Amino acid sequence: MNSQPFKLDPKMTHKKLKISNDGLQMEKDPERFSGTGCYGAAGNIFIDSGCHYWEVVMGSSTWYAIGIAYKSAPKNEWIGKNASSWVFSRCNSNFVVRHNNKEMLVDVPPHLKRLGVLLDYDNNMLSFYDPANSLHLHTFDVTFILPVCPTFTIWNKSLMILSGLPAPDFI
């Protein structure tokens, strides 16, 4: 594994997010707001080689999108709705992977609170895992044409980033 620690990039973080001092936690500062306004942030590293693994703790969030993007994705447009963004997304009961405004359903075990992100840049893959259940969720087969940056987007609650990780045994 090539995995290195990274944190959120303050220049790429939505101004309405509360960020921890280590740059690893982001939080939005029975009727709910359905407004599609997302709160996105990008990591402070770009990758164009090697094999990288990180995890995200989603806790109680019910609406989030986690993945990678080229620099060409516009700021705060990291939810798979352009050709520069690849995400795993939850919205309440719906789990998808999304890229270029095209989705595929993902069947996810109940009560997902942690996501694993495996970027095998050299072998043209981005894979999502359920680490609690030690299992594969989805692989994009993609030959990246620019460097990629981790991205993290919420509509509610908070995320925590676990970076610099040894590939768990289920890789």
# chains A, B, ... in the order shown; residues from 1 in each chain; ligands from 1
$ select_by_dssp --residues "segment 2-123 of chain A" --states "strand (DSSP E)" --output "PyMOL selection string"
chain A and resi 17-19+25-28+39-42+51-57+63-69+85-91+94-99+102-105+114-120
$ write_last_selection --atoms "C-alpha atoms" --output "tab-separated table (two decimals), in the first residue's frame"
chain	number	residue	atom	x	y	z
A	17	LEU	CA	-18.81	23.27	7.76
A	18	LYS	CA	-17.38	23.11	11.27
A	19	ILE	CA	-13.97	21.41	10.98
A	25	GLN	CA	-13.96	15.80	11.25
A	26	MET	CA	-16.53	17.88	9.37
A	27	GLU	CA	-20.04	18.71	10.62
A	28	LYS	CA	-22.93	20.78	9.31
A	39	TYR	CA	-21.70	20.74	2.13
A	40	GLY	CA	-18.54	19.41	0.42
A	41	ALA	CA	-14.83	19.32	1.24
A	42	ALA	CA	-11.77	17.91	-0.52
A	51	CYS	CA	-2.60	2.01	-4.17
A	52	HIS	CA	-4.31	3.90	-1.33
A	53	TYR	CA	-6.89	3.01	1.31
A	54	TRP	CA	-8.79	5.26	3.70
A	55	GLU	CA	-11.96	4.96	5.77
A	56	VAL	CA	-14.79	7.33	6.69
A	57	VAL	CA	-16.95	7.12	9.81
A	63	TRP	CA	-27.25	11.80	3.44
A	64	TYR	CA	-23.63	11.92	2.21
A	65	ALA	CA	-21.40	11.29	-0.82
A	66	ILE	CA	-17.79	10.07	-0.46
A	67	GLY	CA	-15.27	9.51	-3.26
A	68	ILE	CA	-12.66	11.15	-5.43
A	69	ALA	CA	-12.48	13.94	-7.98
A	85	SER	CA	-16.44	12.99	-9.67
A	86	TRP	CA	-16.94	9.35	-8.53
A	87	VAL	CA	-18.88	8.75	-5.29
A	88	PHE	CA	-20.58	6.29	-3.03
A	89	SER	CA	-23.79	8.00	-1.87
A	90	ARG	CA	-26.43	7.39	0.72
A	91	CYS	CA	-29.75	9.30	0.78
A	94	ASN	CA	-31.07	4.72	-1.25
A	95	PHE	CA	-27.44	3.65	-1.72
A	96	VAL	CA	-25.81	4.23	-5.11
A	97	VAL	CA	-22.52	4.76	-6.77
A	98	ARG	CA	-22.58	7.78	-9.10
A	99	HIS	CA	-20.32	9.17	-11.82
A	102	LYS	CA	-25.19	7.98	-13.99
A	103	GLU	CA	-25.99	5.74	-10.98
A	104	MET	CA	-26.00	2.08	-10.05
A	105	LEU	CA	-27.85	0.69	-6.99
A	114	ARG	CA	-18.04	3.10	8.18
A	115	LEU	CA	-16.98	3.10	4.50
A	116	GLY	CA	-13.66	1.88	3.10
A	117	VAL	CA	-12.27	3.58	-0.03
A	118	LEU	CA	-9.60	1.71	-2.03
A	119	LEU	CA	-7.99	3.73	-4.81
A	120	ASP	CA	-5.78	1.44	-6.90
$ residues_around --residues "residue 60 of chain A" --least-positions-apart "3" --cutoff "9 Å" --atoms "only C-alpha atoms" --output "compact mmCIF listing (two decimals) with N, CA, C and O atoms, in the first residue's frame"
# COMPACT_ATOMS: atom_id res chain seq x y z
N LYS A 113 -22.01 2.23 9.07
CA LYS A 113 -21.53 3.43 9.81
C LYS A 113 -20.09 3.78 9.44
O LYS A 113 -19.55 4.77 9.98
N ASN A 156 -26.24 16.28 6.16
CA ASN A 156 -26.56 16.33 7.61
C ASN A 156 -25.48 15.62 8.41
O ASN A 156 -24.70 14.84 7.83
N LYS A 157 -25.48 15.92 9.73
CA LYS A 157 -24.63 15.26 10.73
C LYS A 157 -23.16 15.47 10.38
O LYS A 157 -22.77 16.64 10.17
N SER A 158 -22.32 14.47 10.50
CA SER A 158 -20.86 14.63 10.43
C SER A 158 -20.18 13.41 9.83
O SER A 158 -20.82 12.32 9.68
N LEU A 159 -18.95 13.60 9.39
CA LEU A 159 -18.05 12.52 8.94
C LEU A 159 -16.72 12.66 9.66
O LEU A 159 -16.32 13.81 9.96
$ residues_around --residues "segment 132-146 of chain A" --least-positions-apart "2" --cutoff "7 Å" --atoms "only C-alpha atoms" --output "PyMOL selection string"
chain A and resi 70+106+108+124-130+148+170
$ write_last_selection --atoms "N, CA, C and O atoms" --output "PDB file, in the first residue's frame"
ATOM      1  N   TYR A  70     -11.266  14.745  -9.876  1.00  0.00           N
ATOM      2  CA  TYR A  70     -10.211  15.543 -10.542  1.00  0.00           C
ATOM      3  C   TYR A  70     -10.346  16.998 -10.074  1.00  0.00           C
ATOM      4  O   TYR A  70     -11.461  17.418  -9.648  1.00  0.00           O
ATOM      5  N   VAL A 106     -26.545   0.032  -5.098  1.00  0.00           N
ATOM      6  CA  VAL A 106     -25.661  -0.853  -4.311  1.00  0.00           C
ATOM      7  C   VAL A 106     -26.486  -1.478  -3.219  1.00  0.00           C
ATOM      8  O   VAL A 106     -27.215  -0.782  -2.544  1.00  0.00           O
ATOM      9  N   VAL A 108     -26.478  -2.769   0.264  1.00  0.00           N
ATOM     10  CA  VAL A 108     -25.612  -2.506   1.426  1.00  0.00           C
ATOM     11  C   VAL A 108     -26.154  -3.204   2.643  1.00  0.00           C
ATOM     12  O   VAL A 108     -27.373  -3.148   2.887  1.00  0.00           O
ATOM     13  N   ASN A 124      -6.243   0.983 -12.165  1.00  0.00           N
ATOM     14  CA  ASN A 124      -7.457   1.504 -12.838  1.00  0.00           C
ATOM     15  C   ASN A 124      -8.725   1.080 -12.087  1.00  0.00           C
ATOM     16  O   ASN A 124      -9.738   0.683 -12.710  1.00  0.00           O
ATOM     17  N   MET A 125      -8.688   1.183 -10.760  1.00  0.00           N
ATOM     18  CA  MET A 125      -9.860   0.789  -9.947  1.00  0.00           C
ATOM     19  C   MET A 125     -10.087   1.763  -8.810  1.00  0.00           C
ATOM     20  O   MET A 125      -9.125   2.173  -8.175  1.00  0.00           O
ATOM     21  N   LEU A 126     -11.352   2.057  -8.525  1.00  0.00           N
ATOM     22  CA  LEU A 126     -11.788   2.654  -7.262  1.00  0.00           C
ATOM     23  C   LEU A 126     -12.871   1.763  -6.693  1.00  0.00           C
ATOM     24  O   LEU A 126     -13.859   1.498  -7.378  1.00  0.00           O
ATOM     25  N   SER A 127     -12.628   1.227  -5.506  1.00  0.00           N
ATOM     26  CA  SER A 127     -13.512   0.234  -4.858  1.00  0.00           C
ATOM     27  C   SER A 127     -14.001   0.797  -3.525  1.00  0.00           C
ATOM     28  O   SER A 127     -13.235   1.497  -2.823  1.00  0.00           O
ATOM     29  N   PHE A 128     -15.228   0.457  -3.179  1.00  0.00           N
ATOM     30  CA  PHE A 128     -15.875   0.782  -1.900  1.00  0.00           C
ATOM     31  C   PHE A 128     -16.126  -0.514  -1.159  1.00  0.00           C
ATOM     32  O   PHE A 128     -16.561  -1.469  -1.746  1.00  0.00           O
ATOM     33  N   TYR A 129     -15.850  -0.480   0.130  1.00  0.00           N
ATOM     34  CA  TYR A 129     -15.966  -1.623   1.064  1.00  0.00           C
ATOM     35  C   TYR A 129     -16.869  -1.256   2.247  1.00  0.00           C
ATOM     36  O   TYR A 129     -16.908  -0.084   2.730  1.00  0.00           O
ATOM     37  N   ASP A 130     -17.442  -2.269   2.866  1.00  0.00           N
ATOM     38  CA  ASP A 130     -18.081  -2.212   4.189  1.00  0.00           C
ATOM     39  C   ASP A 130     -17.121  -2.864   5.161  1.00  0.00           C
ATOM     40  O   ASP A 130     -17.086  -4.086   5.302  1.00  0.00           O
ATOM     41  N   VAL A 148      -6.204  12.560  -8.876  1.00  0.00           N
ATOM     42  CA  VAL A 148      -7.501  12.575  -8.116  1.00  0.00           C
ATOM     43  C   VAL A 148      -7.271  12.988  -6.688  1.00  0.00           C
ATOM     44  O   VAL A 148      -6.262  12.625  -6.093  1.00  0.00           O
ATOM     45  N   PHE A 170      -9.040  -7.894   4.681  1.00  0.00           N
ATOM     46  CA  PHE A 170     -10.095  -8.248   3.694  1.00  0.00           C
ATOM     47  C   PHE A 170      -9.819  -7.615   2.328  1.00  0.00           C
ATOM     48  O   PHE A 170     -10.692  -7.717   1.453  1.00  0.00           O
TER      49      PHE A 170
END
$ closest_residue --among "A:79, A:1, A:12, A:58" --to "residue 167 of chain A" --atoms "only C-alpha atoms"
A:1
$ closest_residue --among "A:72, A:62, A:84, A:49" --to "residue 3 of chain A" --atoms "only C-alpha atoms"
A:49
$ atom_distance --atom1 "atom CA of residue 110 of chain A" --atom2 "atom CA of residue 168 of chain A"
20.8 Å
$ residues_around --residues "residue 44 of chain A" --least-positions-apart "2" --cutoff "8 Å" --atoms "only C-alpha atoms" --output "CSV table (one decimal) with N, CA and C atoms, in the first residue's frame"
chain,number,residue,atom,x,y,z
A,6,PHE,N,-3.7,12.2,5.2
A,6,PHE,CA,-4.1,13.5,4.5
A,6,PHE,C,-5.2,14.0,5.4
A,7,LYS,N,-5.6,15.3,5.2
A,7,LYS,CA,-6.7,15.9,5.9
A,7,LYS,C,-7.5,16.7,5.0
A,8,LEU,N,-8.5,17.4,5.5
A,8,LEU,CA,-9.3,18.3,4.6
A,8,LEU,C,-8.4,19.5,4.2
A,9,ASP,N,-8.6,20.0,3.0
A,9,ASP,CA,-7.9,21.3,2.5
A,9,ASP,C,-8.8,22.5,2.9
A,42,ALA,N,-12.8,18.8,0.1
A,42,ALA,CA,-11.8,17.9,-0.5
A,42,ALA,C,-10.6,17.7,0.4
A,46,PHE,N,-3.3,15.1,-3.8
A,46,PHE,CA,-3.7,14.6,-5.2
A,46,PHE,C,-2.9,13.3,-5.4
A,149,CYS,N,-8.3,13.5,-6.1
A,149,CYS,CA,-8.3,14.1,-4.7
A,149,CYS,C,-9.4,13.4,-4.0
